[PDB]
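Since the structure comes first, as structure tokens, the remarks are kept for the end.
Excluded from the calculations below are hydrogen atoms, water molecules and symmetry mates; all remaining heavy atoms, backbone and side chain alike, are included. A note on names: the letters A, B, ... follow the listed sequences, proteins ahead of strands, and every chain is numbered from 1.
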Amino acid sequence: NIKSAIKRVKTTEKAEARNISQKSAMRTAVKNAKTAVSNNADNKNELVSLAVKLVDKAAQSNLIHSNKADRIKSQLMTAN
Amino acid sequence: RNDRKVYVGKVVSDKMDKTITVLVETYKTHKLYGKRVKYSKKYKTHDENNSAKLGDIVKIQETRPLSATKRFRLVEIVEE
Amino acid sequence: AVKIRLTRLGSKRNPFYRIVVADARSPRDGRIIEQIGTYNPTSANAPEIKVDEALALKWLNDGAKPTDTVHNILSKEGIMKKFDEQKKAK
RNA sequence: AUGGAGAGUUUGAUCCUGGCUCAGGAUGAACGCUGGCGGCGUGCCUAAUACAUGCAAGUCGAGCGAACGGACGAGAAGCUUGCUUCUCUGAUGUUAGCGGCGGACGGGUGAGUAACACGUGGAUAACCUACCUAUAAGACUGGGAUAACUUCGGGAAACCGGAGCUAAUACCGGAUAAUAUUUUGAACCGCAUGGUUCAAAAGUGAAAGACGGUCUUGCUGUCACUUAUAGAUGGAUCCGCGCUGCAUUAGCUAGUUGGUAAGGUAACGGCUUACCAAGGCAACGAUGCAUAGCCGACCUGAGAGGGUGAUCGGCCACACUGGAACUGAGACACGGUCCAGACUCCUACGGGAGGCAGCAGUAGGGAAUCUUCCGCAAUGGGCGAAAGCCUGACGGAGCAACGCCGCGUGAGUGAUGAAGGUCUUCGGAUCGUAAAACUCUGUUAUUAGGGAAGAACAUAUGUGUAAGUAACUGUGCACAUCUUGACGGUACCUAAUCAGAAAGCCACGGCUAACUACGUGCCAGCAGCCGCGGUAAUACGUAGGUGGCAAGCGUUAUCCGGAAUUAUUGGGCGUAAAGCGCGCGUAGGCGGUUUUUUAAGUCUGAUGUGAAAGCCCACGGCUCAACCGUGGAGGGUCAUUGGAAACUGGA
Ligand SMILES: [Mg+2]
Ligand SMILES: [Mg+2]
Ligand SMILES: [Mg+2]
Ligand SMILES: [Mg+2]
């Protein structure tokens, strides 16, 4: 095993933990926003805005691709 | 600007919904003996309105993939 | 990274370099983007040089960065001076 | 015009038909005998078998904290004023660690793959793209952690676990900002989907500092940073055409073919999933089976063609076998992760480590294929502002007649035809100008001196000049100066000495260049085919002589040729092999005369492209040649576009 390879293993694990935390958060927000839009709620716009914020912040963190974020935003804001 | 390939051929089956198969005929030459021999290739093209009917000579143009095997779109019915 | 560099030819103890635009990751003596000239460092006890100034300037403007030897060759041919003047007075 | 040879063999003899065999070229070759040198190449084709050992991927202190060392040089005198500690200041540096980038390149192999894999030509109004370059706007305001480090605990180790503290160009909240996303109005445009540009609202998306200059209560240079836009590079998908054997493989297919909706992906799409229909492929060969990386090219042939896919370059695929994702611009990742399986090694038995189809090397297999070398000096790559570090890529040595090419092993006079071998009609003939002797030369060899190019540089230092600045440093550029070579004191040149060290292989019946003697006696043996050998063998073995080659010469294996012996070029079927026993007929093939028209075939231009290297032509450079470089020429069944209308095709 190479030293740089072991370093990359460690950094990969750390980055994976952080990324999966953030991705789960954004997925939860998107699901909540989609449910709120499907069944009209007074919290609808705030939930959609939170979902869009997290989607774009994930896209900028590279967790999802920009085109994925664009599709999510398009469908969410067309539903709402 | 750039144009896409266009073919003219007869329709040989239209049992599919909104899809017509166009038979384009060509004459490849034998590489050794040099004789001209018939060559038929069936093209799966998109027929949005079911305008084309079994038998008519139609024109098709190349498009992006539209199905598993459909790669062409009907442009006009030259004859019938 | 696009680059203008020297690809080796000739024979053992008889090098002859061509000046080629190539991606940094491409092999030396392998895939190239476009050839621009030649560089013979064992001719008449004086390095023979040939370069196409138009292509060199076009690729430098596009973003290709020469190596050490190609930079020296372009300086000797004066391509670096014209490139710098054009960039400054653009 | 640049280009094309045949011969033996069936018969008592003949002509024909017909196979068989030989003369040629080639090789990643092997073997036998032999063996001087130099240049340029080439060298595990078998077991994608298993691998000991060493090495093949790091870098950045000008992102970050901490630690080692602790200069210059602080204090008492042990009276040792030259050695002393901690109470300091503490430089050039170095490093275990976090962090950035790299590690997806470079390199190996051809197992799998009959496929849009590859080649060629197109399309994407269905696409993604870090580092690089340019432009526009910014880089504001706050925060909580955690490595490192200290301490305890658990383990053989790998490594974990608890507690305490500490940074950032690590992470996170907030503000501002879009061509990004939604909505309503537009305008123009294309090839269905649609594309372009202009307005007005809503939601939402960033960032960082580092090292320096200055007139230092504030501006600024370089690098770094965020967003948007372009360019460039790289990647992805789709399509036309081309691209292999078998029918003693004829049926195949059910996510299969299409549609609607949804999900999914950079992206279109049955890519996936629900529902509706029964479609879709196939004798123009589907399905199945066998084999195979594809190509530029390479060998051969007068050509048409046939065969091949080493080295070198492009593309694809794979990394012990199979599956999967994470990180990342980029991987489902050769020297990364997880799981399963097979296999090695360590263990304290609880658990761990690993994968040469990287470079050497080992065992094994084989007829057979290299040394566990020197160096980053040249080219290239990774990081960095840079000096610089890493690089078995690469540049070079070692080994091998394995190939091609070049030069040797002496040159001149020498009849006196010496001696000796062989044959002989016993005259002589031949080895033979061969030898000897004389004269010369040093390729080459030996010794001694001189000794390249490959080296551009980068960096550093002075000078200027362009943008911007109030100015400055810096930035780019131009010109200058010192310094950098493993090969290697190698090539090469100069001077001296000696023909002295340096010739072998096959063949001699015809093909096919070269014949005599002795021995043997259908034995021993030879042989590519016809055949040769049973007592006077140009065919066996030896000898002399001769022929063909020469550091090689023969044998074997394989491909093409000769073979018109699968015949398009370019053959045939009364008796040599070959007309179905004969009808009726489907598909296919082909088709009478004239006129008009079309322009698919046909013919003729233009444009793009057919990488480089290679074949061929010319030129130039190594003393020549091989070899190397440059410029031409050619190679398409290629694609778009304009012309012609006799012929084939359509009307
Ligand atoms: Mg295979
Ligand atoms: Mg790797
Ligand atoms: Mg007969
Ligand atoms: Mg008959």
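- Side-chain polar atoms of A:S21 and A:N19 form no donor-acceptor pair below 3.5 angstrom.
- OP1 or OP2 of D:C241 has at least one side-chain nitrogen or oxygen of B:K41 nearer than 4.0 Å.
- You'll find a donor-acceptor pair under 3.5 Å spanning the side chain of A:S4 and the base of D:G58, going by distance alone.
- Regarding contacts with the backbone of D:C191, every side-chain N or O of B:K5 stays at 4.0 angstrom or more from both OP1 and OP2.
- A distance of about 41 Å separates the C1' atoms of D:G350 and D:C390, rounded to the whole Å.
- Considering C:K82, C:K81, C:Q86, C:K88 in turn, C:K88 is the only one that fulfils the side chain to side chain donor-acceptor pair (under 3.5 Å) rule with C:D84.
- A sub-4.0 Å separation between OP1 or OP2 of D:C268 and a side-chain N or O of B:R64 is absent.
- A donor N or O paired with an acceptor N or O is found under 3.5 Å between the base of D:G488 and the side-chain atoms of C:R13.
- Distances from the side chain of B:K28 to the nucleotides D:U226, D:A267, D:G242 place D:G242 closest.
- Between the base of D:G476 and the side chain of C:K88 there is a donor-acceptor pair shorter than 3.5 Å.
- Here the side chain of C:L6 is nearest to one of D:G380, D:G231, D:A123, namely D:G380.
- OP1 or OP2 of D:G381 sits under 4.0 Å from a side-chain N or O of C:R5.
- C:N14 has no side-chain polar atom (N or O) that falls below the 4.0 Å cut-off from OP1 or OP2 of D:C627.
- Listed nucleotides D:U327, D:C191, D:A329 differ in distance to A:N62; the shortest reach to its side chain belongs to D:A329.
- Side-chain atoms of C:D84 come within donor-acceptor range of the base of D:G476, with a qualifying N/O pair under 3.5 Å.
- Distances from the side chain of B:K42 to the nucleotides D:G258, D:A282, D:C98 place D:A282 closest.
- Considering only side-chain atoms of A:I2, the nucleotide from D:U337, D:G58, D:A455 that sits closest is D:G58.
- Using a 4.0 Å cut-off, some side-chain N or O of A:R71 falls inside it from OP1 or OP2 of D:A267.
- Residue C:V2 is classed as a sugar-phosphate contact, given heavy-atom separations below 4.0 Å to backbone atoms only.
- Side-chain nitrogen and oxygen atoms of B:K44 include at least one within less than 4.0 Å of the OP1 or OP2 phosphate oxygen of D:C281.
- Between C:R28 and D:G395 there is a side-chain N or O to OP1 or OP2 distance below 4.0 Å.
- If you check every strand for non-hydrogen atoms under 4.0 Å, B:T19 touches sugar and phosphate atoms only.
- Enclosure of atom NZ in B:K53 by more than 12 non-hydrogen atoms of other residues, nucleotides or ligands within 6.0 angstrom is indicated.
- You won't find any donor-acceptor pair under 3.5 Å spanning the side chain of A:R8 and the base of D:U327, going by distance alone.
- Not a single donor-acceptor pair, N or O on each side, falls under 3.5 Å between the base of D:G231 and the side chain of C:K58.
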* Asked: Run the salt bridge (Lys or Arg N to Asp or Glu O under 4.0 Å) check on C:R31 and C:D23 step by step: do they pass?
  -> CA-CA 8 Å; C:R31 182 177 167 183; C:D23 181 305; over 6 Å; no
